[PDB]
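Okay, so here's the structure we're looking at.
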Amino acid sequence: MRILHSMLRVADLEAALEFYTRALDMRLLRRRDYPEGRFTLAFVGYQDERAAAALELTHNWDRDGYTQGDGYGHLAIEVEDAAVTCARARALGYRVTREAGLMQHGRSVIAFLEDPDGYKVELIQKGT
Amino acid sequence: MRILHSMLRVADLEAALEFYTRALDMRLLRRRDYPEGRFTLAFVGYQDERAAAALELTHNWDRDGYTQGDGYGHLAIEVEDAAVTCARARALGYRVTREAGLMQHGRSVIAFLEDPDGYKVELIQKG
Ligand SMILES: [Cl-]
Ligand code: NI
Ligand SMILES: [Zn+2]
Ligand SMILES: [Zn+2]
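Chains as they are written, first to last, in the deposited numbering: chain A, 1 to 128; chain B, 1 to 127.
Spelled out as structure tokens, the structure:
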């Protein structure tokens with residue numbers, strides 16, 4: 001057994017893809033657009049779906065938006081340097097909700113970004 | 001770069017761990033109380049955290065529950081036999097829903113498990 005993917009609903013697939021590919025260096029693994037069902041799916045990530053868990057982005061062509069709650073937490077990504085990823089995210093005009101630094105009572109360098117839909121992305125610096 | 005985990009907040013950590021380990025055969029990889037923050041973290045999965053992305057469970061001590069939005073979808077898991085995992089989750093009292101005609105899954109009927117907090121788990125038969 002293995003974890004395949006986490007699925008999130010997005011209001012604007014192109015805006016979501018611009019975030020994951022540019023700010024996070026993910027590549028588009030697979031995309032399927034279904035005119036019959038009026039929805040699109042896009043799997044983004046770092047490794048092939050066969051090798052690792054990916055991020056599934058779902059776009060309902062007729063849904064303008066989604067309501068966020070407090071149940072879903074975040075997607076965490078391992079980065080070489082968290083300050084660098086934050087500065088790159090800011091240069092692209094993406095939201096850094098928590099700048100890189102050691103978290104509360106730990107030696108872990110962490111940072112938080114928000115994707116265009118408001119989903120939290122946790123950056124954890126390699127060495128933690 | 002790599003995906004480390006997906007995080008879900010749970011109202012009852014023990015109920016949640018009972019579901020992930022018994023219904024889904026996940027291993028409890030790591031678990032830690034954070035008394036200053038008044039929360040506990042649990043990491044469940046099938047492989048070592050250094051080798052694969054896991055599922056992070058957050059239990060806030062002073063909370064009874066969460067308000068689920070409609071954006072969050074599901075967590076998909078690869079299984080050896082979806083019918084067996086389904087029949088096992090049912091025996092334990094967990095809800096199983098099945099969907100036919102999902103154009104993204106061809107001719108496959110896909111089963112979805114419902115966890116104690118109402119989060120959906122997509123079952124994908126290996127192959
Ligand atoms: Cl749209
Ligand atoms: Ni996390
Ligand atoms: Zn899925
Ligand atoms: Zn699916």
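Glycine included, every Cβ here is placed at the ideal spot set by N, Cα and C.
- Your pair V79(B) and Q125(B) checks out as a contact, with CB atoms roughly 6 angstroms apart and the cut at 8 angstroms.
- No heavy atom of ligand 3 is found nearer than 6 angstroms to the CB of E14(B).
- Exclusion of the five residues before and after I3(B) leaves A53 as the residues of its chain whose Cβ lies within less than 6 angstroms of its Cβ.
- Here the stretch 114-125 of chain A does not lie against the stretch 34-41 of chain B, with fewer than 3 beta-carbon pairs under 8 angstroms apart.
- With a threshold of 16 other beta carbon atoms within 10 Å, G93(B) falls short and is exposed.
- About 16 angstroms separates the CB atoms of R31(B) and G73(A); that is not less than 8 angstroms, and the two are not in contact.
- Within the stretch 56-75 of chain A, the residues whose Cβ lies closer than 8 angstroms to some Cβ of chain B are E56, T58, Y66, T67, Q68, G69, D70, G71, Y72, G73, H74 and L75, listed in chain order.
- Using a CB distance below 7 angstroms, the part of the stretch 1-32 of chain A facing chain B consists of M1, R2, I3, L4, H5, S6, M7, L8, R9, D25 and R32, ordered along the chain.
- Scanning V96(A), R95(A) and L123(A) for the CA closest to the CA of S108(A) turns up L123(A).
- Take the alpha-carbon of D70(B) and the one of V84(A): they are about 32 angstroms apart.
- In this structure, the alpha-carbon of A91(A) lies about 9 angstroms from that of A23(A).
- Between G101(A) and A111(A), the alpha-carbon positions lie close to 7 angstroms from each other.
- Taken in chain order, the unbroken stretches of alpha helix (DSSP H) that lie wholly in the stretch 27-107 of chain A and span 4 residues or more are 82-91.
- For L123(A), the uninterrupted beta strand (DSSP E) segment begins and ends at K120 to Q125.
- When secondary structure is reduced to three states using DSSP, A11(A) falls in the coil class, being assigned neither helix nor strand.
- Taking a beta-carbon distance threshold of 7 angstroms, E99(B) does not count as an interface residue toward chain A.
- For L113(B), the beta-bridge partners assigned by DSSP are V96(B) and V121(B).
- With a threshold of 6 angstroms, the Cβ atom of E122(B) counts as near ligand 4, since some heavy atom of the ligand is closer than that.
- The beta carbon of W61(B) sits closer than 6 angstroms to those of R38, all from its chain and outside the five residues before and after it, given in chain order.
- Against chain A, the CB of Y46(B) has a partner CB under 7 angstroms away; the residue lies at that interface.
- Judged by their CB atoms, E56(A) and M26(A) are not nearer to each other than the 7 angstroms cut-off.
- Under the three-state reduction of DSSP output, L24(A) falls in the coil class, being neither helix nor strand.
- The Cβ neighbour count for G106(B), taken over all protein chains shown within 10 Å, is under 16; the residue is labelled exposed.
- Not a single CB atom of chain A sits nearer than 7 angstroms to the CB of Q125(B).
- For the pair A89(A) and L113(A), the CB atoms are nearer than the 7 angstroms cut-off.
- Residues of the stretch 77-94 of chain A with a C-beta atom less than 7 angstroms from some C-beta of chain B are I77, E78 and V79, listed in chain order.
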